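One structure is given here, and the rest of the page talks about it.
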Amino acid sequence: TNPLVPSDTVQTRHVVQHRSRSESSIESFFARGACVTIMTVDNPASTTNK
Amino acid sequence: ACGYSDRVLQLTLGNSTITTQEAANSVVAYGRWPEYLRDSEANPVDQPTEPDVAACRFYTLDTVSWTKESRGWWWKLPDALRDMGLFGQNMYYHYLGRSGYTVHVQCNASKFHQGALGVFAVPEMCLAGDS
């Protein structure tokens, strides 16, 4: 992939960049609990056929 | 000593000069003189256009008339200057723009007239609708 930045193809001014990629680190991309299943159980009367 | 005074001012920007002999000093809103965008606060990365004297100069809008029935007037900026010379052209040719302003409101009369106008500059002057 061609590694260009804007100053390679247009005139640019100086900009002090403050943004960071902190929230797209692997750890942060995955730092959430996700539902992987729902399990059903019950507690019926003792007189049940089931 | 030389007679310099609060009331007597000269303002010069680009090819234009304003004089006044009955001023009441002048206001710098929130104590902040206009400035170009610092590198530490910059955001679009392309090299900006800065028209300088082509656009930073006094433009006079159409005059209005104050009578006993006048309730007041309003304008918005940059909108009121959208059709003003090279300021207007630079505004419409570019997606983005920023600008500060010197606003000079003029209204003379006589020592036998009376009346008082409040001249307010409001950041984000959102106005109410008719519905």
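Just so it is clear: chains get the letters A, B, ... in the order the sequence lines come, proteins before strands, and each one is counted from 1. We use all heavy atoms of the structure for the numbers below, so side chains are in, but hydrogens, waters and symmetry mates are not.
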message = Please check this pair: side chain of B:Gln106 against backbone of B:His104, looking for a donor-acceptor N/O pair closer than 3.5 Å.
response = yes
message = Run the side chain to side chain donor-acceptor pair (under 3.5 Å) test against B:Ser65 and tell me which residues pass, sequence neighbours left out.
response = none
task = Report the distance from atom CG of B:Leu11 to atom OG of B:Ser26, rounding to the nearest 0.5 Å.
result = 7.0 Å
query = Near B:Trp33 CH2, under 6.0 Å, is it more than 12 heavy atoms from other residues, nucleotides or ligands?
reply = no
query = Between atom CZ of A:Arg21 and atom OG of A:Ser28, what is the distance when rounded to the nearest 0.5 Å?
reply = 14.0 Å
Partners passing side chain to side chain donor-acceptor pair (under 3.5 Å) against A:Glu23 (at least two apart in sequence or in another chain) = none
Side-chain donor-acceptor pairs of residues 110-131 of chain B under 3.5 Å, sequence neighbours excluded:
unit_1, atom_1, unit_2, atom_2, d
B:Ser110, OG, B:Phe112, N, 3.0
B:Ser110, OG, B:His113, N, 3.3
B:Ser110, OG, B:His113, ND1, 2.7

ask   = Yes or no on side chain to side chain contact (heavy atoms under 4.5 Å, CB included) for A:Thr9 and A:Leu4, after CA distance, side-chain angles and deciding distance?
value = CA-CA 8 Å; A:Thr9 62; A:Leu4 308 195; 4.1 Å; yes
task = Indicate the atoms forming the closest heavy-atom contact of B:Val45 with A:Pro6, along with that distance.
result = CG2-CG, 4.0 Å
Co-members of B:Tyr93 in a cluster of I, L, V, M, F, W and Y side chains, linked at under 4.5 Å = none
request  = Flag yes if B:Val27 and B:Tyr30 sit in one hydrophobic cluster, no otherwise; membership is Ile, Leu, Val, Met, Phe, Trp, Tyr, and two members link when side-chain heavy atoms are under 4.5 Å apart.
outcome  = no
message = Could you work out, with side chain to side chain donor-acceptor pair (under 3.5 Å) as the rule, every residue matching B:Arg7, not counting sequence neighbours?
response = none
remark   = Scanning both residues in full, the closest heavy-atom pair of B:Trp66 with B:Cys107 reads CE3-SG, 3.8 Å
request  = Kindly indicate whether the side chain of B:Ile18, heavy atoms from C-beta on, has any atom under 4.5 Å from the side chain of B:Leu13.
outcome  = no
task = Might you work through the side chain to side chain contact (heavy atoms under 4.5 Å, CB included) test for B:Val103 and B:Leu77, ending with a clear yes or no?
result = CA-CA 10 Å; B:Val103 176; B:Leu77 294 175; 4.2 Å; yes
note = Besides B:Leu37, the hydrophobic cluster formed by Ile, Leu, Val, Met, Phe, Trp and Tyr side chains linked at under 4.5 Å, directly or via other members, contains none
task = Find the distance between OG (A:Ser7) and CG (B:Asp46) and round it off to the nearest 0.5 Å.
result = 12.5 Å
note = Rounded to the nearest 0.5 Å, the CG atom of B:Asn108 sits from the CD atom of B:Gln21 at a distance of 11.5 Å
Mind listing the side-chain donor-acceptor pairs of residues 48-61 of chain B below 3.5 Å, one per line with the distance, residues two or more places apart or on another chain?
unit_1, atom_1, unit_2, atom_2, d
B:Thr49, OG1, B:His94, NE2, 3.2
B:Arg57, NE, B:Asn15, OD1, 2.9
B:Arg57, NH2, B:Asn15, OD1, 2.9
B:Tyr59, OH, B:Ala54, O, 3.4
B:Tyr59, OH, B:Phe87, N, 3.4

With B:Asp6 via salt bridge (charged side-chain N to carboxylate O under 4.0 Å, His left out) - residues at least two apart = none
ask   = Taking atom OG of B:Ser99 and atom CE of B:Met91, what is their separation to the nearest 0.5 Å?
value = 10.5 Å
ask   = Cluster partners of A:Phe30, using ILVMFWY side-chain heavy atoms under 4.5 angstrom, listed by chain and number?
value = A:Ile26, A:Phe29
key: side chain to side chain donor-acceptor pair (under 3.5 Å) partners of B:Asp79, counting only residues at least two apart   = B:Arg82
message = Can you pull out every salt bridge (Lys or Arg N to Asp or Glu O under 4.0 Å) where at least one residue sits in residues 11-32 of chain B? Sequence neighbours excluded, please.
response = B:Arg32-B:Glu35
inquiry  = So for atom CH2, which belongs to B:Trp74, do other residues, nucleotides or ligands contribute more than 12 heavy atoms lying within a distance under 6.0 Å?
reply    = no
request  = Could you check if a side-chain atom of A:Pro44 sits within less than 4.5 angstrom of a side-chain atom of A:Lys50, using non-hydrogen atoms only?
outcome  = no
task = Measure from the side-chain N and O atoms of B:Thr67 to the backbone N and O of B:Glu69, and report whether any donor-acceptor pair falls under 3.5 Å.
result = yes
ask   = Looking at CG of B:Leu81 and NZ of B:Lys76, how far apart are the two atoms once the value is rounded to the nearest 0.5 Å?
value = 14.0 Å
task = Sequence neighbours left out, what passes salt bridge (charged side-chain N to carboxylate O under 4.0 Å, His left out) with A:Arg13? Give chain and number order.
result = B:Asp39
